[PDB]
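Working notes, beginning with the structure itself.
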Amino acid sequence: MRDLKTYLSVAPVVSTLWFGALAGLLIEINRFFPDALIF
Amino acid sequence: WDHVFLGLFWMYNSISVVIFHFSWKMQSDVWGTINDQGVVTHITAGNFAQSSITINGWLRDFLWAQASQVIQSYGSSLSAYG
Amino acid sequence: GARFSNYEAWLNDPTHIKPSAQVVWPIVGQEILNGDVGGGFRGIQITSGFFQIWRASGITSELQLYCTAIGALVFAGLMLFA
Amino acid sequence: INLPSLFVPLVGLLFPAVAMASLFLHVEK
Amino acid sequence: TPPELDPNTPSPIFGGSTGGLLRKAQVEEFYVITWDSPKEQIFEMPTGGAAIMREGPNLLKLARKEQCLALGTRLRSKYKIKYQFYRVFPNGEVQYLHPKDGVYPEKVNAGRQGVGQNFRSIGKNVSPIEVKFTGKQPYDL
Amino acid sequence: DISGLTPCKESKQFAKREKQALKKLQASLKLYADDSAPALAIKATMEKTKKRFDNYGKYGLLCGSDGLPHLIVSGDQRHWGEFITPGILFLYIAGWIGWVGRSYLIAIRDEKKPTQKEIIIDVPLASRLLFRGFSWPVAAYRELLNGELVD
Amino acid sequence: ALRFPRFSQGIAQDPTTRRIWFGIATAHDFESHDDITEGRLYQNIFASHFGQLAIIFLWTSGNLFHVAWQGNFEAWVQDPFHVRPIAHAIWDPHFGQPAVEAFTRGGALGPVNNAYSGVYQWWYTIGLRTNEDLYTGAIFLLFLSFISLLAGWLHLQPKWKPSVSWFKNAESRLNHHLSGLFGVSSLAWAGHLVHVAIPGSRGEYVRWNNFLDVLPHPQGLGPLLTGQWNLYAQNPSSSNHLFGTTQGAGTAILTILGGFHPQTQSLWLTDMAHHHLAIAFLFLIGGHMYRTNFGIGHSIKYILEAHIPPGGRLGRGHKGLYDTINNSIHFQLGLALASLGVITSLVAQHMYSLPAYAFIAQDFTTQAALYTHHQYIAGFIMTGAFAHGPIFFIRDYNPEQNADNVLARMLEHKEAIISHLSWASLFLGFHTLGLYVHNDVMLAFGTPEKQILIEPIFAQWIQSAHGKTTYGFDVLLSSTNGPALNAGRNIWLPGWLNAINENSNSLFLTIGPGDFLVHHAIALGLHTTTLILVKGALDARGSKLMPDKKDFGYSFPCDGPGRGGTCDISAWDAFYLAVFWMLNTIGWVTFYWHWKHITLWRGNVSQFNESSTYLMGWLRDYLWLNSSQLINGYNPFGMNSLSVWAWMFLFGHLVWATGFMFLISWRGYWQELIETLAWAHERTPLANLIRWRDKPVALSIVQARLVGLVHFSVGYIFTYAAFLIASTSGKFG
Amino acid sequence: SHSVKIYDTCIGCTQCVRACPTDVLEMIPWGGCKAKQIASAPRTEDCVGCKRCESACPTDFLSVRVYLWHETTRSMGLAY
Amino acid sequence: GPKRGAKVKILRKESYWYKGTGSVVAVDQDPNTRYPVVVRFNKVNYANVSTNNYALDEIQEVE
Ligand code: CLA
Ligand code: CLA
Ligand code: CLA
Ligand code: CLA
Ligand code: CLA
Ligand SMILES: CC1=C(/C=C/C(C)=C/C=C/C(C)=C/C=C/C=C(C)/C=C/C=C(C)/C=C/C2=C(C)CCCC2(C)C)C(C)(C)CCC1
Ligand code: SF4
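Residue numbers (my numbering), protein chains in the order written: chain A, 18 to 56; chain B, 63 to 144; chain C, 22 to 103; chain D, 12 to 40; chain E, 21 to 161; chain F, 485 to 635; chain G, 122 to 854; chain H, 3 to 82; chain I, 2 to 64.
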């Protein structure tokens, strides 16, 4: 379990989760505040 | 390994000219619409036999002519291809 | 092919309907990629040739495609376990 | 058109032949 | 110590290949490597293919010195067998090459004088401008 | 106006672009049953479109002869949202990221095997250093004056 | 050396084919030849310069001769608008009848080529009118060629061989070049404009046989020595003047009118005369600065040695620079090439916007040809400047004698310089590519209104300050109450402001977001190319990966697969890499110029203004469109006069790709292949009777890089030239 | 032939000598290092310039250096 | 010379760790040894080496 957590903390997994979260965020923001060219 | 490396480029070359061969031949001498009484109008009207005999023919009648669809695909469902 | 396609409609009229089995979500304008493929459906035209296979296999409904999907998923599990 | 029929093959065929032969012999010596 | 003599000993069993000697052997130079094998056995040729070394003395003519040291290295490493090699000129003259003083160059041996040894660290080489218009290089000092 | 441009709310070509766009969408919409999903989708595209043009007009954007919004980045106070403000926001976020990463690299610099925590992220440490970025201008400004920023 | 090359026994003792190649490739690198001295170096360089001059004069005389013998120069001077200038006749026995018919343009009685060098407009503007003039000029330049060869031969002889000390006399050469080569030449050219060009434009045939009998001014030479110089500007040519005729002609010889002669759309001859005269004076006065044999004047060494700021933020300043420059010919060549490149680009930029030749600028293909020509020349010259930069750093630079000066201090913080260049390039790349790709996606999804289009406010503001009223910023020369406007309101500002607000010419073209984007692409190109070149120069002596690189020279294959691998680690390799980026950069600038101008001449700048904001626009609306006529030079139905450019287009593509061959595949493969071929030859009967004298080997690593780069560059240039000329001349704007 | 030089930073690990494919280098007695030995290049006429020796050397910077020089049939690795 | 474990700055210009710091491992007392000062570094060089020999004038004890 500790080993599995360590694996989940490895660079590619961390990157997939981080950029996944970011992608989700930017997507939702661009869904609620769409076509933003100013601000 | 470096021979595999160069061989890859040459395989790309060969397969590229092969698929170009297929595309042009099919669009020119095979595919197309057929009218009543049996009149066949091909997509590129059988130009292969006269056009594919020079590099300039491939440059103009194949590449230049047929890249039209991809280069003006913007603003449509095919835009992803552009 | 079962959930996001125009396969049945295509079965009704294969000669004037474009095979499509991918649809995109409506954000940042990519909705435009969902084009008029026919059958009262909007999406990306596929060129894999699955529709003609499915017609050749005698498949007529989306339900059968669903079942085949479940079967394939099961088989994926079985291969992994193996 | 008179002179070009003389000078063109002169510079395009004779000259490079003479020069290439000369340079060949020079470099091989 | 006197170098090894070079007699006409039998050559290994081989059907012949297209990787052997050429005109260079006739006009410039070729090479000869000799070894003593405990038994008949298969070895890979530096010029491609498989050959059989005989028991006792073996003499093989190659085209390059590198081929000789390659084969010899494979002999000493794989078959645990000592080897020697010479250079041969078209006039008939033979030059003993390796191992030069009877001892492998990997291990130290008294009697060898230094060649091309600079008694200074590499960074202390003079700039090229220091040797401009001379025939000397910064590493020849 | 600025650079000989005309305001989008007053631009004719801007309006004509909106027109042609909506008309294209409707021309595509004609082929589908009004209650079906394609219809609702295309209509959603229409509403989103006109809302977009209306918003651009409202934002005080200047249009060229092409009928498209052009941006003013000279520092002009009537257009700080066209570069200055989102620029400040960007700089804030980027500074946040860089400062956090810097903190993480410094934190593990003095350890048995530093490279380890560079290929296997110390998530507790990272979560501790995560919010420190919120005050990155203040933190960096003080380190600048102190001499802890460079060597 | 007992054989070729005689200047290197090291290469001469090579038993392989390499011996030949390198022999050819190191022939001009005098410093590395056998038994050379400083004396032989300078003397050979001097003679070589004479040789170059001779070649130039011979070339020009060839051009003059061929225009006079086979061209339509007279027909052109009678009607410059509707006559295509003939470069030379063509006699190719490979031609078929359609080819002969097609290439018979102009008033020619056979096949010809149309000149796009613009020699017609030049020669006509300066005073040439007949074929006879051209012939006499050709003979004179041939005479200059012979004289230059004679001078090289002479100064090679022991009696006329100059010493090294003479070559190192900087102050004298500077005085003489500034006063004589720059000053006297410009004064004399002003003389030609006053005595021949100006009267010629006014319809007065003035030659050698009468120039002593004709007054260049109604009351000549009086006002000059009187100080009443203003009389020479009394009545300039009228606004309805017709070039080459007396109609509308004035009598002034020196003016500052500004703007263009309305008919010819080029600068006023009186303006150019006054210009050359004035700069001739600045040069002449400036040419009396350095000390020679008369006890007055400056000492460059002392000047440099004195310019060190107290506080030591620049260390020892410029102390010792005199010697390290005057001793290193490579430093000199670097400075020379840098400056020359800058002013070559300057020539392009000023000649497209402010043409000085009559009835050029109406000739669109000629203008495009000239701009592209000079911009590529400028690019190569720049890379070369930065190439002789590090050759200095390796071959000549003396660290101890440059202790703590600006140069040594330059090598000190090299990492800072290189890393900041890296940052600039990185930023520009990320954001320019990013903005372009953004706009392309917007165009794809059918929403061009969401494009990010940044207005070039700064450049537009500069234009406004220069007197352009399109953006309505009303600044300086655009502000009616500005003192700058009132200052020259009654001199050059009428003609100038009239010209800068006439939007049919290329004087400060109007600019939009597309211009912004492509300008930042250009910025990216410049910064990156300078990154490669500067990094290559500063690390030429060594780096952490190879601290003793200077001991190997400017060019070497590598340092081996060890230490991680060291391919392309030499300064020469840095240059070689930088050439690609220069070709890319100039590619972008010439693309920009040509597209913007084609849209200008076609009458729809909106095309460029809308399509240049996304890369699909450049690809489709610039490249794909303007090749229609080009690719149809020959086809299955027939051929026309554009077949040359189609054939050359494909030629360029082919050469380029062959370049790819030499650049992608490396040596060992080819060496082993060639080994199998050598075996093949020695084992083939009959052919066995024939044997080589130089052993066949694969090209060297560096040689491969050079040959590859050469094919690449040639292909590049020829392809773009064919496209440029064909697309432009196929429609003529 | 190529040029091969040894510098006094040599620690006599003999790695370069047993790395040469043409028998160019050898070890000679010396007192400058603990190993009591230093490298030497008496047979550079057989040197090809592959630089395996340099890739084998542990010292920083290198104690063995190969300057590719005049090109001969032996240095080109030719067998014809 | 410097003690064992002493932090020293590298003065050899052609070193991978030039102008950087390393730790002293051992100093050879044999006066014939041209480069006695054995140094070990935190980062490896391009040859994957973490240790090197230097002379007395190539190290500078700092803290
Ligand atoms: C120097 C620049 C130059 C160039 C590029 C050309 C180019 C041409 N000439 Mg012209 N020519 C020139 C100067 C030049 N000429 C001069 C100054 C004269 C007066 C003597 C001539 C007299 C002349 C005649 C009578 C004819 C040509 C013709 C031609 C065309 C065919 C080539 C030929 O056979 O000419 C041969 C050129 C000569 C015999 C004169 C050149 C002799 C000079 C003094 C020495 C040149 C050596 C040269 C620099 C070495 C380069 C090679 C080296 C680097 C390896 C070609 C377009 C032919 C043509 O027009 O066909 C349509 C033709 O019939 N030329
Ligand atoms: C640049 C200079 C140059 C010139 C002036 C020519 C001229 C010619 N070539 Mg071309 N050729 C050239 C370069 C040149 N070539 C290059 C660089 C290539 C490779 C790309 C070619 C590839 C090529 C091919 C494949 C062919 C030609 C042919 C021809 C002939 C045209 C066809 C014809 O109907 O003539 C009429 C020709 C005849 C009636 C027969 C010619 C008999 C000659 C004149 C006898 C000369 C004898 C004498 C000993 C020659 C020694 C010269 C030497 C000492 C310098 C014409 C003589 C054609 C040809 O040769 O036809 C036979 C042809 O098939 N060429
Ligand atoms: C002021 C002008 C000038 C002068 C006098 C020099 C002088 C020199 N250069 Mg420099 N240099 C210059 C400008 C100049 N350069 C420019 C503009 C560049 C950028 C290209 C360079 C980049 C450069 C490099 C990288 C190097 C030099 C080197 C040298 C030295 C040796 C040259 C030699 O022997 O080559 C021999 C001549 C050749 C190998 C033939 C050159 C022809 C090339 C390969 C192109 C030919 C293709 C042809 C046109 C294709 C035909 C087309 C047709 C088929 C359609 C010599 C001191 C070398 C040196 O010694 O540095 C220490 C060196 O390595 N130069
Ligand atoms: C079109 C092809 C191409 C591209 C895009 C580049 C790009 C670059 N080269 Mg060049 N190069 C090229 C061809 C190219 N090169 C060729 C043919 C040669 C001759 C060998 C060179 C030789 C060369 C040298 C000698 C140097 C460069 C350098 C550079 C960098 C310059 C700085 C910059 O603009 O950063 C902007 C970055 C980019 C333009 C790259 C794009 C990054 C993308 C857009 C971001 C990621 C997108 C997306 C998230 C990725 C998803 C992928 C997925 C699989 C995960 C840049 C990365 C220089 C350098 O490294 O400076 C630091 C440098 O010194 N190049
Ligand atoms: C498009 C450019 C180009 C061209 C022309 C070539 C040509 C060749 N490559 Mg390739 N190569 C290329 C790109 C190119 N390559 C690239 C990009 C790579 C990197 C992957 C490679 C990597 C590579 C490998 C690994 C190999 C080749 C090999 C070959 C040769 C194959 C044998 C053959 O068909 O000879 C016939 C020659 C041609 C087809 C070229 C055109 C011939 C013209 C039309 C003749 C002109 C007549 C006359 C000579 C003109 C002289 C005029 C003059 C006197 C003025 C051939 C020379 C192979 C080889 O060497 O096998 C023997 C091989 O194994 N290349
Ligand atoms: C490497 C090397 C080298 C080289 C370098 C180089 C090559 C550089 C380049 C450089 C460059 C390439 C530079 C440039 C510059 C430029 C400039 C500096 C400019 C300026 C400008 C100005 C100043 C202007 C102003 C104005 C305006 C803007 C407007 C109005 C008018 C006026 C005039 C006012 C050498 C040999 C030295 C040595 C060492 C090594
Ligand atoms: S280079 Fe290759 S051959 Fe020459 S010495 Fe070093 S190892 Fe032996």
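We treat Cβ as the ideally placed atom computed from N, Cα and C, and that holds for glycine.
Measure from the alpha carbon of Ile72 of chain E to the alpha carbon of each residue in E:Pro158, E:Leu161, E:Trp55 and E:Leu117, then state which is nearest.
To locate residue 72 of chain E, count along the fifth sequence from 1; it is residue 52. Of the listed residues, the one whose Cα sits closest to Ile72 of chain E is E:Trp55.
Is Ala129 of chain B close to chain C? Criterion is C-beta to C-beta, closer than 7 Å.
Taking the first residue of the second sequence as 1, we reach residue 129 of chain B at position 67. False, the Cβ-Cβ gap to chain C never drops below 7 Å.
Give me the subset of the segment 28 to 57 of chain C whose CB atoms are less than 7 Å from a CB atom of chain G, sorted by chain position.
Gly50, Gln51 and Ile53
Check for me: the alpha helix (DSSP H) holding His187 of chain G runs from which residue to which?
On the seventh sequence, position 66 is the one that residue 187 of chain G refers to. The continuous alpha helix (DSSP H) containing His187 of chain G extends over residues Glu159 to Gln191.
Is any non-hydrogen atom of ligand 4 found closer than 6 Å to the C-beta of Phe783 of chain G, if you look at the structure I gave you?
If you number the seventh sequence from 1, residue 783 of chain G lands on position 662. No, ligand 4 has no heavy atom inside 6 Å of this Cβ.
Is the separation between the beta-carbon of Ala692 of chain G and that of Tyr675 of chain G shorter than 7 Å?
In the seventh sequence, the residue the question calls residue 692 of chain G occupies position 571. In the seventh sequence, the residue the question calls residue 675 of chain G occupies position 554. The Cβ-Cβ distance between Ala692 of chain G and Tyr675 of chain G falls below 7 Å.
Under a three-way DSSP split, which group does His149 of chain G fall into?
One-based indexing of the seventh sequence puts residue 149 of chain G at position 28. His149 of chain G falls in the coil class under three-state DSSP.
Would you mind giving the Cβ-Cβ distance between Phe288 of chain G and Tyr443 of chain G, rounded to the nearest angstrom? I have them listed as a contact below 8 Å.
Position 167 of the seventh sequence, counted from the start, is the residue given in the question as residue 288 of chain G. Position 322 of the seventh sequence, counted from the start, is the residue given in the question as residue 443 of chain G. Incorrect: roughly 15 Å between the Cβ atoms, too far for contact.
Does the segment 572 to 588 of chain G come within contact of the segment 541 to 561 of chain F, defined as at least 3 CB pairs closer than 8 Å?
yes
What in chain E is Cβ-close to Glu28 of chain H, meaning under 7 Å?
In the eighth sequence, the residue the question calls residue 28 of chain H occupies position 26. What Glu28 of chain H touches in chain E: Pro125 and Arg132.
Please check if any C-beta of chain F sits within less than 7 Å of the C-beta of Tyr557 of chain G.
Numbered from its first residue, the seventh sequence carries residue 557 of chain G at position 436. Cβ-Cβ to chain F under 7 Å: no for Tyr557 of chain G.
Quick check: does the Cβ of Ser850 of chain G come within less than 6 Å of any heavy atom belonging to ligand 4?
Counting from one through the seventh sequence, the residue named residue 850 of chain G turns up at place 729. Because no heavy atom of ligand 4 lies under 6 Å away, the Cβ of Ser850 of chain G does not count as near it: no.
Any residue with its C-beta under 6 Å from a non-hydrogen atom of ligand 2 counts. Can you list them all in chain order?
Cβ-based neighbours of ligand 2 within the cut-off: D:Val19, D:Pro20, D:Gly23, D:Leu24, D:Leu25, D:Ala28, G:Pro214 and G:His215.
Determine the burial state of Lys656 of chain G: buried for a count of at least 16 other Cβ atoms within 10 Å of its Cβ, exposed for fewer.
Along the seventh sequence, read from residue 1 onward, the residue named residue 656 of chain G stands at position 535. The Cβ neighbour count for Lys656 of chain G, taken over all protein chains shown within 10 Å, is at least 16; the residue is labelled buried.
Between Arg814 of chain G and chain D, is any beta-carbon pair separated by less than 7 Å?
Your numbering for residue 814 of chain G matches position 693 in the seventh sequence. Closer than 7 Å to some Cβ of chain D, the Cβ of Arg814 of chain G qualifies, so yes.
Is the Cβ-Cβ distance between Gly143 of chain E and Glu15 of chain I less than 7 Å?
Here residue 143 of chain E refers to the residue found at position 123 of the fifth sequence. Here residue 15 of chain I refers to the residue found at position 14 of the ninth sequence. Going by C-beta atoms, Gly143 of chain E is nearer than 7 Å to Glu15 of chain I.
Which residue's Cα is closest to the Cα of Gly724 of chain G: G:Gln218, G:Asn624 and G:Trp613?
Taking the seventh sequence and counting its residues from 1, the one referred to as residue 724 of chain G is at position 603. If we check each option's Cα against that of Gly724 of chain G, G:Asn624 comes out closest.
Does any heavy atom of ligand 4 sit closer than 6 Å to the C-beta of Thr649 of chain G?
Taking the seventh sequence and counting its residues from 1, the one referred to as residue 649 of chain G is at position 528. Within the cutoff, so yes.
Comparing the CB of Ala370 of chain G with every heavy atom of ligand 1, is any distance shorter than 6 Å?
Reading the seventh sequence from its first residue, position 249 is the one you call residue 370 of chain G. No, the Cβ of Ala370 of chain G stays beyond 6 Å of every heavy atom of ligand 1.
Does at least one heavy atom of ligand 4 sit under 6 Å from the Cβ of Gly550 of chain G?
Within the seventh sequence, residue 550 of chain G is the residue found at index 429, counting from 1. Under cutoff, so the answer is yes.
Cα separation between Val831 of chain G and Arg45 of chain H?
In the seventh sequence, residue 831 of chain G corresponds to position 710, counting from 1. In the eighth sequence, residue 45 of chain H corresponds to position 43, counting from 1. Their Cα atoms are separated by approximately 38 Å.
Less than 7 Å between the beta carbons of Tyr473 of chain G and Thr246 of chain G, yes or no?
For this step, residue 473 of chain G is matched to residue 352 along the seventh sequence. For this step, residue 246 of chain G is matched to residue 125 along the seventh sequence. The answer is no: Cβ separation not under 7 Å.
Three or more C-beta pairs closer than 8 Å, one from the segment 432 to 442 of chain G and one from the segment 521 to 530 of chain G: is that the case here?
yes
Measuring alpha carbon to alpha carbon, tell me which of G:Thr650, G:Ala767, G:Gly633 and G:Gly646 ends up nearest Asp550 of chain F.
Here residue 550 of chain F refers to the residue found at position 66 of the sixth sequence. Cα-wise, what sits closest to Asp550 of chain F is G:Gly633.
Which residues in the same chain have their Cβ closer than 8 Å to the Cβ of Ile502 of chain G, if we skip the five residues on either side of it in sequence?
Counted from its first residue, the seventh sequence places residue 502 of chain G at position 381. Hits under 8 Å: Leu458, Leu461, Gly462 and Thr465.
How about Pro15 of chain D: is its Cβ closer than 6 Å to a heavy atom in ligand 1?
The residue labelled residue 15 of chain D in the question sits at position 4 within the fourth sequence. Yes; taking the cut-off as 6 Å, the Cβ of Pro15 of chain D has a heavy atom of ligand 1 nearer than that.
Count the other CB atoms, across all protein chains shown, that sit within 10 Å of the CB of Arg13 of chain I; report buried if there are 16 or more and exposed otherwise.
Your numbering for residue 13 of chain I matches position 12 in the ninth sequence. Buried is the call here.
Decide yes or no for the touch test of the segment 770 to 783 of chain G against the segment 49 to 63 of chain C: beta carbon pairs closer than 8 Å, at least 3 of them.
no
Taking the beta carbon of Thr33 of chain A as the centre, do at least 16 other beta carbons fall within 10 Å, making it buried, or is it exposed?
Position 16 of the first sequence holds residue 33 of chain A. So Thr33 of chain A ends up on the exposed side.
Run through DSSP, which three-state label would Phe72 of chain C get?
Position 51 of the third sequence, counting from 1, holds the residue named residue 72 of chain C. DSSP places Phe72 of chain C in helix when its eight states are reduced to three.
Specify the secondary structure class of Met531 of chain G as computed by DSSP and reduced to three states.
For the purposes of this step, residue 531 of chain G is identified with residue 410 of the seventh sequence, where counting begins at 1. Looking at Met531 of chain G - three-state DSSP - the assignment turns out to be helix.
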